[PDB]
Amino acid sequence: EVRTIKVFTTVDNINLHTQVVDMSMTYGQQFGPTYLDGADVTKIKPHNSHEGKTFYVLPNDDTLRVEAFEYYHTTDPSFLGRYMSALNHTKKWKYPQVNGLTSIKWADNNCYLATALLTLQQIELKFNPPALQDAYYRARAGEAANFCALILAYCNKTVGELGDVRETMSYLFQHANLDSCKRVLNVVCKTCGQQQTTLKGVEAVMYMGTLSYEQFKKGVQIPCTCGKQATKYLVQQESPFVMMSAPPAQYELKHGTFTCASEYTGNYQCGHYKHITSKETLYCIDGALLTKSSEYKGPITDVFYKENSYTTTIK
């Protein structure tokens, strides 16, 4: 006696594909790797409660490969299995509202993700992949499980792995529309003279070497090929924010001089991030935890600043 149920398959959870499945065969025998809201059901036979439900599958025909690429903007063949694996964990995380922002309760070394998510909610940024658009909208409303699982997938991080905020923001910026952003730098060597550089997109809003946007505008010392120290300074900036990053160092954050920042305590093998936001006072958001202070000093690794248009007065 042959028994079947109707189910839907999908890659994007919007475009459904009708399937009739034999209840005597695993999902894996019929579709390949199959997932039900993050749970791997590849080795499970259909249940009556599955009738009418949506399962994710891998893009195993041309229709699904086009739907997957258009939604996620990747053709990495392990992407959907990494997104599903992460989602099976992130759907059980808690996303409390802390000082008006979606945060994440600490679990599975997710501190870098909490500070990234809190940061995104304070800067002007629009994603390009529909998957990130749709999930980020949900995350802002407080249901951030899909958004967090997609960040893990896009970054090639598994739940529990130690992440870097700067690296995470770089991946998210690579999937954002930053095409309007432009940076002009000048590098002055007393031996080699001057060299100007123009940067665009992600490389226009990120700098690694100093936390201070004012110091970047006055000049920072860097090696020259000739062996002297050259001075690099900001000639021109067009962007709605900038991100200044550095290896973690004791640094003073003053109310009203920055938007938000990331603090890292620990070492290269394990540590903990916290988020500092400058509002009516300085709030320190640590997952679900919140404290406040008029002054802040800590091992800061990233600082975000508001921008629109800057032009140097250095001739």
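Only the largest set of C-alpha atoms that superpose within 1.5 Å between the two forms is called the rigid core. Throughout, we count residues from 1 along the sequence that is shown.
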With the rigid core as the fit anchor, does 15 to 23 or 301 to 309 show bigger C-alpha shifts in 4 other deposited structures of this protein?
15 to 23
Report the stretch with the higher root mean square CA deviation, pooled over structures and residues in 4 other deposited structures of this protein, choosing between 39 to 47 and 280 to 288 after a rigid core fit.
39 to 47
Mean temperature factor over C-alpha atoms, higher-scoring stretch between 242 to 250 and 42 to 50:
42 to 50
As stated in the PDB record, which stretch has the larger average Cα B-factor, 282 to 290 or 22 to 30?
22 to 30
Residue with maximal Cα B-factor (values as given in the PDB entry) among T198, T102, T74, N156:
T198
Of the residues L118, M84, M206, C224, the one carrying the largest Cα B-factor as recorded
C224
Looking at the temperature factor on the CA atom of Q133, which third of the chain's modelled residues does it land in?
lowest
Lowest, middle or highest third: where is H275 by C-alpha B factor in its chain?
lowest
Tertile call for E307 (CA temperature factor, within chain, third-based) is the middle
Should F69 be placed in the lowest, middle or highest third of its chain by the C-alpha B factor in the entry?
lowest
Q269: C-alpha B-factor third of its chain, per the entry, is the highest
